[PDB]
Amino acid sequence: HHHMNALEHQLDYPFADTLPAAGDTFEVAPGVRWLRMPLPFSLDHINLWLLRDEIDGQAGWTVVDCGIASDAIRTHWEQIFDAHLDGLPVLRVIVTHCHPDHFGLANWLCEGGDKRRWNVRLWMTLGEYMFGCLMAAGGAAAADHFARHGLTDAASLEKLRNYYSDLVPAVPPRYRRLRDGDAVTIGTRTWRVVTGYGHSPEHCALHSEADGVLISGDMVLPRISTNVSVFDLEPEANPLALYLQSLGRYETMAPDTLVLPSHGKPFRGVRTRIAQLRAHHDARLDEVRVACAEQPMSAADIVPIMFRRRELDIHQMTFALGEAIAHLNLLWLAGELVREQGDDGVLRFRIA
Amino acid sequence: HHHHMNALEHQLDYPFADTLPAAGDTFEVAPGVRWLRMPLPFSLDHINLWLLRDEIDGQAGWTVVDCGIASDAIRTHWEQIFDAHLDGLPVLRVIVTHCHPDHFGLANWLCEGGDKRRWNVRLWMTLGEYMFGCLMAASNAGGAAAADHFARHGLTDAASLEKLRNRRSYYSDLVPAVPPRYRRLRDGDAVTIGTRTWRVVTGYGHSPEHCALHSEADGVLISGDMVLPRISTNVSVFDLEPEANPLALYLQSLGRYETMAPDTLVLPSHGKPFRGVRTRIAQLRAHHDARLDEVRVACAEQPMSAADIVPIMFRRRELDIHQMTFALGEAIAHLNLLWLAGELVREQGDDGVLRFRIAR
Ligand SMILES: [Ca+2]
Ligand SMILES: [Cl-]
Ligand SMILES: [Zn+2]
Ligand SMILES: [Zn+2]
Ligand SMILES: [Zn+2]
Ligand SMILES: [Zn+2]
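The listed protein sequences derive, respectively, from chains A and B.
According to the entry's author numbering, the stretch in the first sequence is residues -2 to 135, 142 to 165, 169 to 358, in order.
According to the entry's author numbering, the stretch in the second sequence is residues -3 to 134, 138 to 359, in order.
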């Protein structure tokens, strides 16, 4: 499903192949601890952050992201509670975006974990909190969306008509809203909210400019590309253009910025990684331009060029198809393509 | 009621004096821009909606700005607009400035073509307004969460708290349906409508991500609820975001209009088209500074809950449960602004009520 970074050697990993063991922490900067939780997908882990802090005279910790709601991840959090918090409480929970591996356990943490050790506030952007609430409170519409984009396998379309709430079983009933540019004081640092678009409604990245640390969430990952998909809720969305524009926010940061990604390892070379991501989507866009210059193309037609050797499952094709529509929509909305609905009800794109 | 009337209204210019379109009729306020006025059954008895002459993909028609609540009266007048005042051309799309029921309630009914299913068109909206409306349509001024929120801000009247719990369906009755898809508007986006390029100008504090539309070349501003000539814009703190700072957000958002050309024709959602956008911003700022000062003074005397500020902020007024809801939320907005800035200290008393006193 993901696109792997073959130019990883152009990045430098300041801790080489060190990984915190499940249930342990590793200090990546003074008062900034790295946690790694297991996930049962092809992406087998998420990195979470523990930040030493003091709010209103109470010493403690600010958590960044939560994990999915699994028994494994709950157990590792309790180990961390017992052993690696210096006996201090969590003071608040910051969540970068609504996706289940970042948000699933936000309510459990806010309610103090299995032993209800504290009661603290969720911090989140409005778009991520609203969308997660909506998704945690939720079909045929998705099947028709993909049908117009070339998914004609009758078995596949029927399966789609017939997951989030299991991983995000509960949502905090209140939140404190973060917005772009907000200053969040955490321990000795001023972290600045840096909003990102295209991947999710209103992704919150945190930048500590004085010492050059970036909690990049899923917007800048060293080993994989960031998913951008067009879904049925917003069928004319331009997430790829939104994503490429949001990347400009990191291109200007200091070259030695320590990037703390949600997947992969802490790395330096944020400007180098942005250049790789731009090249990748420009190469992927060019493949679409070429294909649409021969004959009109649907998203299902685009998938085998964009994603060579998928052998993909039904769930996998959902994100592959959504990414093709993202690339087709960028060129369509930019005037490089013309979109037409064929007699079979499928949407196709051709060069202008 | 709960709105603050503009005593300096004479400093604004109304290019159409006291002209008002009749219900079911339109009045042209600028080339290709028609004004509709719908009735509402509140103390605010109307909302202005906008019809913009347009052409998308070669099909001539109309882009609608805002919808009305879903009342029988408002549906009837819309059907009259379709039959008589559209030149027999279809609606092409519906733009909604924010999620509030009088702007959003009939968006789905409009998009699906009204009672006669005359067309099928796309909703245009900011992500924050669309998500929040969907959530509330599935609220701010009703439900057990709202009653507990206002109870800790000083509302003790047993009947009012009972009335608040039963308004669990206050929002869903006015917005009975919501469109299942949307086209996202963002700050700075250019929307080509007819002969104009309108720019999205986002505003905060009143609602999640309020969309105003600015046509810079000819000086037209569809201000939604952010700039109203006769009343202030409501800023409320609700249960979902209890430490919110909507007044700071609102006062900051007003800068986007403060710099606009002085000759700007403002098309507000309540009141009449006017000129004097800069003057009205100056009025609103002076107004919010005077209310903030009243709160500072009161909180220097004794600890004050929001319920204690309401009789000060809204002098000698008889408020029903709907009115008291927004009055209470605005008092919390003013208290929160001062608290978060460090001028006040917030403490919860043994009765569970939050009270504010000046920082010493
Ligand atoms: Ca938003
Ligand atoms: Cl757009
Ligand atoms: Zn993600
Ligand atoms: Zn992720
Ligand atoms: Zn409103
Ligand atoms: Zn309104």
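Here a beta-carbon is modelled for each residue, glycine too, at the ideal position from N, C-alpha and C.
Taking 9 Å as the threshold (beta carbon to beta carbon), is residue i in contact with chain B?
i	result
residue 131 (chain A)	yes
residue 181 (chain A)	yes
residue 10 (chain A)	no
residue 118 (chain A)	yes
residue 166 (chain A)	Coordinates for residue 166 (chain A) are absent; the numbering of chain A skips from 165 straight to 169.
Which one of the options has the shortest CA to CA distance from residue i?
i	options	result
residue 169 (chain A)	A:65, A:252, A:113	A:65
residue 116 (chain A)	A:324, A:90, A:208	A:90
residue 47 (chain A)	A:304, A:60, A:251, A:264	A:60
residue 83 (chain A)	A:22, A:42, A:232	A:22
residue 201 (chain B)	B:122, B:263, B:342	B:122
residue 178 (chain A)	B:191, B:144, B:152, B:155	B:144
residue 255 (chain A)	A:281, A:270, A:230	A:281
residue 152 (chain B)	B:343, B:341, B:120, B:309	B:309
residue 265 (chain B)	B:247, B:284, B:304, B:225	B:225
residue 136 (chain B)	B:148, B:140, B:17, B:43	Note on chain B: consecutive modelled numbers read 134 then 138, so residue 136 (chain B) has no coordinates in the structure shown.
residue 356 (chain B)	B:70, B:298, B:349, B:67	B:298
residue 277 (chain A)	A:325, A:312, A:327, A:218	A:218
residue 188 (chain B)	B:214, B:113, B:203, B:53	B:214
residue 229 (chain A)	A:40, A:30, A:11	A:40
residue 339 (chain B)	B:118, B:245, B:164, B:58	B:245
residue 212 (chain A)	A:160, A:199, A:33	A:199
residue 142 (chain A)	A:45, A:28, A:324, A:176	A:324
residue 275 (chain B)	B:8, B:3, B:2	B:8
residue 78 (chain A)	A:111, A:328, A:18	A:111
residue 248 (chain B)	B:257, B:206, B:220	B:206
residue 164 (chain A)	A:147, A:175, A:173, A:176	A:147
residue 251 (chain B)	B:30, B:344, B:68, B:203	B:203
residue 87 (chain A)	A:106, A:80, A:102, A:95	A:106
residue 290 (chain A)	A:313, A:304, A:322	A:313
Counting only Cβ pairs nearer than 9 Å, list the residues of chain A close to residue i.
i	result
residue 128 (chain B)	123, 127
Examine chain A for any beta-carbon lying closer than 9 Å to the beta-carbon of residue i, and answer yes or no.
i	result
residue 134 (chain B)	yes
residue 238 (chain B)	yes
residue 144 (chain B)	yes
residue 243 (chain B)	yes
residue 203 (chain B)	yes
Which term fits residue i, buried or exposed, when burial requires 16 or more other beta carbons within 10 angstroms of its beta carbon?
i	result
residue 124 (chain B)	buried
residue 15 (chain B)	exposed
residue 301 (chain A)	exposed
residue 138 (chain A)	In the structure shown, chain A runs from 135 directly to 142, leaving residue 138 (chain A) without coordinates.
residue 37 (chain A)	exposed
residue 113 (chain A)	exposed
residue 136 (chain B)	In the model shown, chain B runs from 134 to 138 with nothing in between, leaving residue 136 (chain B) without coordinates.
residue 283 (chain B)	buried
residue 27 (chain A)	exposed
residue 4 (chain B)	exposed
residue 72 (chain B)	exposed
residue 12 (chain B)	exposed
residue 6 (chain A)	exposed
residue 97 (chain A)	buried
Give the residues of chain A in contact with residue i, contact being defined as C-beta atoms less than 7 Å apart.
i	result
residue 207 (chain B)	123
What I want to know is whether the C-beta of residue i ends up closer than 8 Å to one or more non-hydrogen atoms of ligand 8.
i	result
residue 233 (chain A)	The ligand content of the structure shown is limited to ligand 1, ligand 2, ligand 3, ligand 4, ligand 5 and ligand 6, which means ligand 8 is not among them.
Given 8 Å, three or more beta-carbon pairs between the region 324 to 341 of chain B and the region 290 to 300 of chain B: yes
Stretch pair the region -3 to 6 of chain B + the region 236 to 247 of chain B: three plus CB contacts closer than 8 Å: no
Three CB pairs or more closer than 8 Å across the region 240 to 252 of chain B and the region 175 to 190 of chain A: yes
Segment contact flag, the region 266 to 282 of chain B with the region 310 to 325 of chain B, C-beta cutoff 8 Å, min 3 pairs: no
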